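K.L.:
One structure is given below, represented as structure tokens, and several questions about it will come after.
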8 protein chains.
Amino acid sequence: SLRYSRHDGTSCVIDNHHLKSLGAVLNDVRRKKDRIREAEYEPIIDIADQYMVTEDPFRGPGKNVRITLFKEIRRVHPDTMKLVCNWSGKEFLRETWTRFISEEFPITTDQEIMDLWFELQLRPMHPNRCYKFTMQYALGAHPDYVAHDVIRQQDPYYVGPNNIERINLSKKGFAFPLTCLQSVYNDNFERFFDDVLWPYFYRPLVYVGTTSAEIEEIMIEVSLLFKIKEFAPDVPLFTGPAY
Amino acid sequence: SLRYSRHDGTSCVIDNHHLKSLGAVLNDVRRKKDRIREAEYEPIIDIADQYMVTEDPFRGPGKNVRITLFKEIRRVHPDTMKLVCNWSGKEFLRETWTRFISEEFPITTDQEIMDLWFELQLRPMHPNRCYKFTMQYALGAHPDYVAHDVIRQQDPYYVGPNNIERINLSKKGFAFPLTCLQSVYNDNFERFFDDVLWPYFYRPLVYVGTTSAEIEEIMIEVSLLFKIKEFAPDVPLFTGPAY
Amino acid sequence: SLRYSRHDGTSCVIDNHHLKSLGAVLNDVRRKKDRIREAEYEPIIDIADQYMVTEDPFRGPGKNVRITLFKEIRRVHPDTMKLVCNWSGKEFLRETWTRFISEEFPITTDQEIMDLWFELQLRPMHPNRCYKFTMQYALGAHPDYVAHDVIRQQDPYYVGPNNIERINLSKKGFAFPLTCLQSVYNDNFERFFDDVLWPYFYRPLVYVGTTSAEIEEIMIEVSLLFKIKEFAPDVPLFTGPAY
Amino acid sequence: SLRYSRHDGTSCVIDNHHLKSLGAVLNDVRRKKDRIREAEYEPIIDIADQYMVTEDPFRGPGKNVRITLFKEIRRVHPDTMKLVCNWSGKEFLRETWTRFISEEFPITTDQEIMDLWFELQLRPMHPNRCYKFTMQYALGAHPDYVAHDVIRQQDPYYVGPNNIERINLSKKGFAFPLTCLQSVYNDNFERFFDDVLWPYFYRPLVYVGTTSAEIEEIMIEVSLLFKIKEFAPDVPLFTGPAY
Amino acid sequence: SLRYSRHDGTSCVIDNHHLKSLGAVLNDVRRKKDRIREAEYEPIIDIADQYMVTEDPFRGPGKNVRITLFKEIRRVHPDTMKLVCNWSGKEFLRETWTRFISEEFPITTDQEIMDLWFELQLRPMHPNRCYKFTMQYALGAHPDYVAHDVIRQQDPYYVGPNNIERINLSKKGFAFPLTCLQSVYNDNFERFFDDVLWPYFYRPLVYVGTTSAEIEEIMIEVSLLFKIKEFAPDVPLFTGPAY
Amino acid sequence: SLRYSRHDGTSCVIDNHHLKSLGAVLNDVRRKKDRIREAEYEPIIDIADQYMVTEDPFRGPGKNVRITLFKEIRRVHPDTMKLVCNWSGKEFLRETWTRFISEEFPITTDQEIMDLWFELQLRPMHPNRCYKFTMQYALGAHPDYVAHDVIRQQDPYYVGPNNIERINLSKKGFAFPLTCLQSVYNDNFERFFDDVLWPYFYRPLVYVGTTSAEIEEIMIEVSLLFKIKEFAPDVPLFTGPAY
Amino acid sequence: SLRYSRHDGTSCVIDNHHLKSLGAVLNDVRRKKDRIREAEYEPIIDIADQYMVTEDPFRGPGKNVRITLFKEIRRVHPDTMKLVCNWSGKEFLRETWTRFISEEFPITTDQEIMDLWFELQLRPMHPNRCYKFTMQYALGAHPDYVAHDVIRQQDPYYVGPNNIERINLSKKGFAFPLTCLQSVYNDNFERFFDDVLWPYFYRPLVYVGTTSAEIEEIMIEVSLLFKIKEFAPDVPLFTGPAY
Amino acid sequence: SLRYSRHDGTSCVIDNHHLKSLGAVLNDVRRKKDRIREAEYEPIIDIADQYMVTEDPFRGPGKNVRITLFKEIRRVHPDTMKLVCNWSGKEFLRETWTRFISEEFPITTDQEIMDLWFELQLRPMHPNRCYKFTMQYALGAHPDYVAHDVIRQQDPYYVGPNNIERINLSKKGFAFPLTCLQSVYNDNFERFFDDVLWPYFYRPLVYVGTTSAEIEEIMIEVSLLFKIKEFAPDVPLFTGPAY
């Protein structure tokens, strides 16, 4: 924005006397003002600094890897929600492992998956409508429990302003293809699945509805968002043999 | 600040008639004003009260015990970060246990460690520089994984305004010398280490860099910060024998 | 007005960390602000506190007893005032004593008359007029001095905004039916009148006019307003015999 | 406060040309502004100057002489008031005369007592309470009238913000040890008492209560405050013989 | 000021449709605004209306009659005050009676003296000085008490902003030439003086000083200001014989 | 709103001195302020008063008589408009005359129809939609010209904020059942129709559309709104015979 | 402007109590406010007081003597400037000396010419035009150098807002008829010219143009403005012989 | 002033999530605001930067050496000015050379006198006066011209706000003891005086007066203020012999 930075004005010397730009001097007076004011607000900011806010995970540290999974259209009656996905725990693990590993290999750097998120992105399929989205979910159940395809709305999560909701899938329940800080090793889905303690228990069961008083047609995009921190050494890549 | 509290002014009685300080009365009128305004803002505050902020852990409940561990100087190239510590899990446990227990004994009260934090405090070693600090970390890896001494910066954590970063070391991974609410018992490092399930896996591997476009020389102080709540009974300490 | 008092918001604890309502915290910051401001105004209020205002006698201490005396209509020419009352001192004393004592007995508590006021309450007898009221008075004269029924206006008292004027009748000149703090005794008008030193000298002679440039028809209500302080003991009233 | 008074800036002369400090000139422009504003507010101040306020007697003319009399603790039930003092008129006169004359002699200058005040100063005897004080009084009664020790609250005086109430004791009723502008003469209590017309009638009977809904314990300090104007000649005091 | 009163704008009719001046309509909208604001301030004004101010006696009811008495120059040392007048009570009564009656006769209307004021008006006798005036007074003393010509300043009255001070001389102490509401009768000074109970006791003894740190030369004008209410009947004055 | 009108505060008289409520006096000062401001804005309002606005016909002079005619549902494609009515001039005249005369008789007072309006009132038939209405019209055509049932939108009238549009039907083209100021006479439709010069030419042909990008279902209410001024004499209605 | 100076309001004394005008007291509170503000701005003014501005020579010290020389009309094409004067150095000296000495004699006081200015005053010769003036000049050249009558505009001086430009003619180059502080002596042009070292070199060559995009007709007034300081003794002028 | 610099607040990491102080974040939002504002004011500052102000010579570059010369009291009539100094040119040169050289030797560094100022510092000799100072001067005259001791005021210089005036004495007229950048050489007054071309012509003749309408007594301090720039090499001073 600023096109002079804060280097407005100049100085010169005439018969030993120093002259300085008038606008520069008026800025110095205004800046002294502004800072008498910052000194008066400092004790107020100290009361506010008793508390803290959380940095947005997707604008904050680590990189974002969006592994889109599928798209789906649902028509949802007012005051109800429709089920988005009904996979078994095994089918959820197969999609998690296969889609991430196929998209990311070759994984050429040491890295760690910080977090795994279930991302629900929603959009209207008609123009000139006014309503917002709602969501409800569960993450585990008996493997012979089959979720109802449609439920009534009861104290749901209200989807945020950009019509995206992201649900953290904790490493406590959900298995990650890269556990800690590591290099990749030779791996395959059967190895991965065998080493999961409860493969059939954990699976996201997610419902979507609206705040509309009429039926609305919704386009849904479902993704898994991986937050990743890489440890790339500050070294060259050479064609072999090196040196 | 206020040197009359809110007890400005006085009253007196002359021929049955009550007189009151003019400034006191003007304050009563201004205070009625101010409160007609607080009643107009109440519904607005109710929308804000749908949400909550988190109290700063180090200004909030529990006491702070800073067990400083070591100091170190690093010279860091632009867009890179240098490794601060490379201990094995055993060496990290030995420093954790030995430095806390040696500093704190005698532990004369029942107490609980609420949280253990890794504290990185940073300062410039040259004057007249302008830049900020960055950080990256991992908490676990294969015990024969040795971390790169220098990495490239990729979506790092930006260190906060006072140049301190504090990383929570969860009781899920890291072993505490005082587990729950307890008295101390006879203990030693070999007892402690034996009872840790994965002593060689968990260890903080922490990197520091800057936002500078030149190399900068940084002084680092590394500490473990223990948050502790004590349960001291409301009773006298007597010289023996009591009574 | 305020429906949460100042108890907006709440707190809760999650993994040792304390959360507090956002609106509550923003109020704490605004309240710190407001008080940095009250500390800056304190020296100003101290200059104002060199002076004092008088509490309104009729909204202030003591109770009000309005002994209405009579009503009267007067039609008043512009720039003139008409006489409201022309009693002798004896007739004024007879109305004062008889109307107060008849209205108030039984006087069952120890009490003192703080002040006696002559109250002139005025109202227009036509709608869609715009003007204000004026007043003039005297409190004593030769007993064979008969007041002019109509006078010209000359530097009058301007009646206050609610069209009531109240003139203090000092105990220095006017005789009260209850002198000091006392119980009632057996009494009668002839006893009272005999003990007044100058019964025929003191009598309110009160004139009313307007600021109108046309003749106006005015309804007048004249009352005596007694300000009284009671000393009722904190004790039961029992049916006899007690206990 | 101001550390340059209003003498900020300076002037100098260069080749016949006069230079003046920029901040001084900007102040001259701001002061011209401010005064165009005072000229616009003058007609408004003229409407306010139709009325007057009273100077605080204790911050205003004459000196204050606080003759403290006694201290007392009272425990007061809600909606009631307890009697502070129950002296006869003689005992009140003995304390007035004896305490003032003993405290003030030698009275070495011509002087006049402007006013005599009864001062009630009140303080809580418990912390963490919130309430205000109330007062009621009478100044005269039959000498065989003994005041109730406790009364119910009925339209009391509300004590001012600094928890002091001061009641004027008029020279009309209460006898002063120094009547007019005078030198002292030889005097004694029996001379003083004999020359009082109604020694047994006038005595302050003062009650204190609170606005609390619980019983409160109150510490009371009672004083007589004399306002005095002295006429000290502008002359030396010499050791005798003079000159 | 306003040259259209509040009758700005007009209306006209075109094809049944009513047109109105745009500025008039914008005033109606602004006036609706202003009054939503007066309704919001009404409860605040109700807190202020617990108290009252006193109308300036000299701008308020009754007419002013300034009987100037004398002029005098005094040179006053810093921190001192010089005596303005030293009359006996008789000489003060002779000037009061003679100067008022000579100035006012013929007194052709029924009237009452509301108040008698001692007026001290002060002015500097040098230009380019900056200081304010002070005052002290007594109203009675032993007739063989002669006031000190110069006293030290001790908690004086500070003279008001227009350099005039006016001291009320109560009818309690000072004798008025017209007592109550009356016509004049034949009278003379010897009649008046004989009927005064204490002619030699009451006399104003008034001192003037400054807030200057140097000697200042002051011109003093002393007056008696009579506040008078007249009762002139609304009748013609005819040349005799009438009708 | 205001519960004291502008009669806040009061006045009283104490020892000749006039006291007035403090809030009343502060209002007088604020009102002087406000009016110094109205005098400063007067020249600005005079520039605005060069122009005029038109009073809303339906909130302004004359009474409203809404003769509702019919209801209709239309489903309208985006960027198009559908025809609301397609009557011949005769059928429009028959509905105008018959519906007004049947609704209004007995017409017991002298009166005049000021204006006749075609009123189109529109409402959505689905919730949670966002769009506005548009309109287009013609008032005359060849009698064998049949209007297109659907047209494309081209610079339409945008319907006002409350979704009502009212089109004036001038007496120049459209025949009114009551011409001038008159009493009713015996009349019938055939008399009325015969006296219309061009009965088949003038007829409202009105189209409705939206600003939506999807098809919308609209409920339409069509009315004729008569603006009428009555001349009712200020006289009694008596049962016959009168007197 | 202010018609009470700052002496608004007054004071008076009633029963020892001091009353003061309400508007005066509100001014004292506002003035305390204003000065808490001047104390807060003082450090800001101190930053501004690092710099200085120059007093306008013609509104500042010394008196102005405008020796008008000639008038001239020029018609100037856009982006060009026309020569105002083309005198030799001798002719410029003859006009300088002759016009000043003829206008000013008798020079009856000791005085010094502080500065000599060349004044160019410009005005349009047509109404309803909008443009500003420009100027360019030289002060010396070879005596056989004849200036171009018309030049193109190239980075000119923009004439100030009142259409006057004043060019200082330094005593370094231009000869003054009064050198230092002196009395006049007998003198003549030939004496003056002989004592000038370089009479033919220094001469003002001044051009005028506009910022118009059309030809403009300009009236020019050229003057020499002398700034003079006089040393008139504080003594009488007597008719001879004195005393 | 600011006690946290701009390092308010901190950061910490909990389960990969970054927390930051709330007050720090609110400052970041306010600082973004403030700078959107600085970008909006930049084009305005560019218009102001067409012009320049002069740095105060005495707060600016070079050091100040105040060689006080003498003190003097003058009593000055209104509208007049009195002569402060009347030295010949030789006596002025003797004081200039002798007082500077005696005060400054040993002059141990290479240096240059930038400017020589005549400093007039003025103070009142009475308190409680209000007026400002004026000045007039000349710098040269015939050596047998003796200045009038008192002159009338005519367009004087108004002394600046701190009652100091400083007149630049140009190197063009006045001889400096150190001409250019130099070391000192052996020198004496007779050498200095001989090398001055016009020793008897140049001498400051300075007058002081006031804006008072009365005579005022003024204390005057006269100084010569030398502005000096030194060229001290960055080298040690050793005791001899060095090394």
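The chains in the structure tokens are called A, B, ... from first to last as shown; in each chain the residues are counted from 1, and the ligands are counted from 1 in the order shown.
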Using the chain letters and numbers from this document, which residues of segment 8-239 of chain G does DSSP assign to alpha helix (DSSP H), as an MDAnalysis selection string?
P.N.:
chainID G and resid 22:48 89:104 189:194
K.L.:
Do me a favour and pick out the residues of chain D within 12 Å of chain B, using only C-alpha atoms, as a PyMOL selection string.
P.N.:
chain D and resi 52-59+115-121+132-139+156-173
K.L.:
Could you pull out the residues in segment 16-239 of chain F that DSSP calls strand (DSSP E) from the backbone, as an MDAnalysis selection string?
P.N.:
chainID F and resid 17:21 52:54 63:76 80:83 110:124 133:140 150:152 157:158 164:169 202:210 216:231
K.L.:
Just how far from atom CA of residue 186 of chain B is atom CA of residue 243 of chain B, in Å to one decimal?
P.N.:
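Interatomic distance here is 28.7 Å.
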K.L.:
Please, what distance in Å, to one decimal, runs between atom CA of residue 178 of chain E and atom CA of residue 236 of chain E?
P.N.:
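For atom CA of residue 178 of chain E relative to atom CA of residue 236 of chain E, the distance reads 25.1 Å.
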K.L.:
For atom CA of residue 227 of chain A and atom CA of residue 106 of chain A, quote the distance in Å rounded to one decimal.
P.N.:
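Pair atom CA of residue 227 of chain A / atom CA of residue 106 of chain A returns 17.5 Å.
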K.L.:
Residues at most 10 Å from residue 198 of chain H, counting only C-alpha atoms, excluding those fewer than 6 positions away in the same chain, as an MDAnalysis selection string?
P.N.:
chainID H and resid 89:90 173:175
K.L.:
Write the residues you've just listed into a file as an mmCIF file, in the first residue's frame, and include N, CA and C atoms for each of them.
P.N.:
```
data_model
loop_
_atom_site.group_PDB
_atom_site.id
_atom_site.type_symbol
_atom_site.label_atom_id
_atom_site.label_comp_id
_atom_site.auth_asym_id
_atom_site.auth_seq_id
_atom_site.Cartn_x
_atom_site.Cartn_y
_atom_site.Cartn_z
ATOM 1 N N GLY H 89 32.720 50.139 18.234
ATOM 2 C CA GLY H 89 33.037 48.873 17.590
ATOM 3 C C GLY H 89 34.254 48.225 18.220
ATOM 4 N N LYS H 90 35.217 49.047 18.651
ATOM 5 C CA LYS H 90 36.413 48.486 19.281
ATOM 6 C C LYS H 90 36.069 47.825 20.609
ATOM 7 N N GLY H 173 29.682 40.849 8.585
ATOM 8 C CA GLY H 173 29.975 42.102 9.248
ATOM 9 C C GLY H 173 30.833 41.958 10.485
ATOM 10 N N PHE H 174 30.564 40.939 11.295
ATOM 11 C CA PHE H 174 31.201 40.808 12.598
ATOM 12 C C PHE H 174 32.354 39.818 12.535
ATOM 13 N N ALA H 175 33.459 40.180 13.189
ATOM 14 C CA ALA H 175 34.660 39.352 13.176
ATOM 15 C C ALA H 175 34.586 38.320 14.294
#
```
